[PDB]
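Participant: Chains as they are written, first to last, in the entry's author numbering: chain A, 92 to 134, 136 to 175, 178 to 238; chain A', 92 to 134, 136 to 175, 178 to 238. A prime marks a further copy of an entry chain.
2 protein chains.
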Amino acid sequence: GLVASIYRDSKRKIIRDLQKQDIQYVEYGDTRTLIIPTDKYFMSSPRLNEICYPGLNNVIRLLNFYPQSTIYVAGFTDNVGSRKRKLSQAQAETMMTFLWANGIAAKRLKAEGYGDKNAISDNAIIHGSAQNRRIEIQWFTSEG
Amino acid sequence: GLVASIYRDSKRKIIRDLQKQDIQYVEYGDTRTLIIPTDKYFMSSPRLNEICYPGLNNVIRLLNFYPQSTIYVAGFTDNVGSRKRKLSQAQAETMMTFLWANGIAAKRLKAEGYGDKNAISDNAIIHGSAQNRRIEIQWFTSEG
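This is the structure:
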């Protein structure tokens, strides 16, 4: 305790800042999910993104709370259309390279198989442009 | 012949256009290498790059001349410094996702192990900003 006092308090603030930075954090059961609006976070140099986007920087800090969890990433530009699972798989890779480049063990990063039933798509939860173009980062924790 | 007449002529033009678009093509033996200046080709959406950068579009067309060759990609932001093989491995992944997203078999794409002796670094050959920040795409062909 104390160094569990500081950690819990920090995490709550990171989550709140992410919220203000338009990044949603969804929690239910042992599932944790970050929903990133791709129209705001265009994303090549990890340096440009770290330096210019505080939100992406806050995503790293949060993922650093779970250094033992496998991090799953899903892409969804799945709004443009007709029959593009490609560009989705694509931006998912973009996020992964960014996460890796910024300290996340490559072994921990995994790309969600397209159409992965675990991905969130509920418009009751997803708000704004994220309903159309977005990236999701999901992991499982036993902190509860 | 004829459809070998058109192909050879097209390839020579692609190479020439790439040259005008500041992308160098180096040939020697069975080795082929593209040198892309990262200050000009910033690179997340494959659509933005395809649509806005004719040169990157010409790189795809050229790689489509070798649909059976393994495509190696090396990154070099290895100018910024001191002891960043990361960001290099990083932009190499960026190029790969872009190539894949645009039609290049994922099986054909491979990331060069950092410090791969095959990469070109000769300033007699590499010109301009590419001497500092660049991406290279190398493959081997038996066309000769």
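C-beta: ideal position from N, C-alpha, C; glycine also.
Could you tell me the distance, in whole angstroms, from the CA atom of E237(A') to the CA atom of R139(A')?
Facilitator: Rounded to whole angstroms, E237(A') to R139(A') spans 31 Å at the Cα level.
Participant: Which two residues bound the contiguous beta strand (DSSP E) that contains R123(A')?
Facilitator: Unbroken beta strand (DSSP E) run through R123(A'): 122-128.
Participant: Can you tell which of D100(A), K204(A), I152(A) has its C-alpha closest to the C-alpha of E187(A)?
Facilitator: Out of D100(A), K204(A), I152(A), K204(A) has the C-alpha closest to the C-alpha of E187(A).
Participant: Under 8 Å between C-beta atoms, does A195(A') make it to chain A?
Facilitator: For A195(A'), the answer is yes, since a Cβ of chain A falls inside 8 Å of its Cβ.
Participant: Within 10 angstroms of its Cβ, does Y164(A) collect 16 or more other Cβ (buried), or is it exposed?
Facilitator: It counts as buried.
Participant: For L181(A) and chain A', any beta-carbon pair shorter than 8 Å?
Facilitator: For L181(A), the answer is yes, since a Cβ of chain A' falls inside 8 Å of its Cβ.
Participant: Identify, in the order they occur along the chain, each residue of the same chain with its Cβ nearer than 7 Å to the Cβ of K178(A), setting aside the five sequence neighbours on each side.
Facilitator: Answer for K178(A): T169, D170, listed in chain order.
Participant: Does the segment 200-217 of chain A come into contact with the segment 108-116 of chain A', if we say contact requires no fewer than three beta-carbon pairs (one atom in each stretch) closer than 8 Å?
Facilitator: Segments in contact, no.
Participant: Our contact map puts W233(A) next to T129(A) with C-beta atoms below 8 Å; I'd like the distance itself, whole angstroms only.
Facilitator: About 20 Å; that fails the 8 Å criterion.
Participant: Along chain A, in chain order, which residues have C-beta atoms closer than 9 Å to that of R139(A')?
Facilitator: Going along chain A in sequence order, the residues near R139(A') (Cβ under 9 Å) are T169, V172, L181.
Participant: Checking 8 Å against the spacing of the C-beta atoms, do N141(A) and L148(A) come in under that value?
Facilitator: Result yes, Cβ atoms of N141(A) and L148(A) sit closer than 8 Å.
Participant: Just list the residues that DSSP pairs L203(A') with in beta bridges.
Facilitator: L203(A') pairs with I163(A').
Participant: Assign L154(A') to one of two classes, buried (16 or more other C-beta atoms within 10 Å of its C-beta) or exposed (fewer than that).
Facilitator: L154(A') should be labelled buried.
Participant: Ends of the alpha helix (DSSP H) at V151(A)?
Facilitator: It spans 146-155 - the alpha helix (DSSP H) in which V151(A) sits, taken as one unbroken run.
Participant: Measuring only the C-alpha atoms, how far is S101(A) from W194(A')?
Facilitator: Their backbone Cα atoms lie some 39 Å apart in a straight line.
Participant: Helix, strand or coil for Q110(A)? Go by DSSP, reduced to three states.
Facilitator: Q110(A): helix per DSSP, three-state reduction.
Participant: For a quick check, are the C-beta atoms of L125(A) and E206(A) less than 8 Å apart?
Facilitator: No. Outside cutoff.
Participant: Would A224(A) and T191(A') qualify as a contact pair, given that the criterion is a beta-carbon distance under 8 Å?
Facilitator: Cβ atoms of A224(A) and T191(A'): not closer than 8 Å.
Participant: Check the Cβ-Cβ distances between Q110(A') and every residue of chain A, and say whether any is below 8 Å.
Facilitator: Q110(A') does not count as touching chain A.
Participant: Whose Cβ in chain A lies nearer than 7 Å to the Cβ of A184(A')?
Facilitator: Under the 7 Å cutoff, chain A gives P138, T191, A195.
Participant: Of the residues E118(A'), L109(A'), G120(A'), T122(A'), which one's Cα is nearest the Cα of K131(A')?
Facilitator: With distances taken between Cα atoms, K131(A') lies closest to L109(A').
Participant: At a CB-CB cut-off below 8 Å, which residues of chain A' make contact with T188(A)?
Facilitator: Chain A' residues near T188(A): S136, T188, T191.
Participant: Pick helix, strand or coil for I220(A'), following the three-state DSSP scheme.
Facilitator: In the structure shown, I220(A') sits in coil (DSSP, three-state: anything other than H, G, I, E or B).
Participant: Any C-beta of chain B sitting closer than 8 Å to the C-beta of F157(A')?
Facilitator: Among the protein chains of the structure shown, namely A and A', there is no chain B.
Participant: Using a Cβ-Cβ cutoff of less than 8 Å, which residues in the same chain neighbour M134(A') once the five nearest sequence positions on both sides are dropped?
Facilitator: These residues qualify, in order along the chain: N141, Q185, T188, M189, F192.
Participant: Taking 8 Å as the threshold (C-beta atoms), are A166(A') and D210(A') in contact?
Facilitator: The answer is yes: Cβ separation under 8 Å.
Participant: Just reading off the alpha helix (DSSP H) that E187(A') is part of, what are its end residues?
Facilitator: It spans 179-195 - the alpha helix (DSSP H) in which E187(A') sits, taken as one unbroken run.
Participant: Which residues bound the beta strand (DSSP E) around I231(A)?
Facilitator: Run containing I231(A): 228-234, per the beta strand (DSSP E) assignment.
Participant: Quick one: Cα of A218(A') to Cα of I127(A'), how far?
Facilitator: Straight-line Cα distance between these residues: approximately 16 Å.
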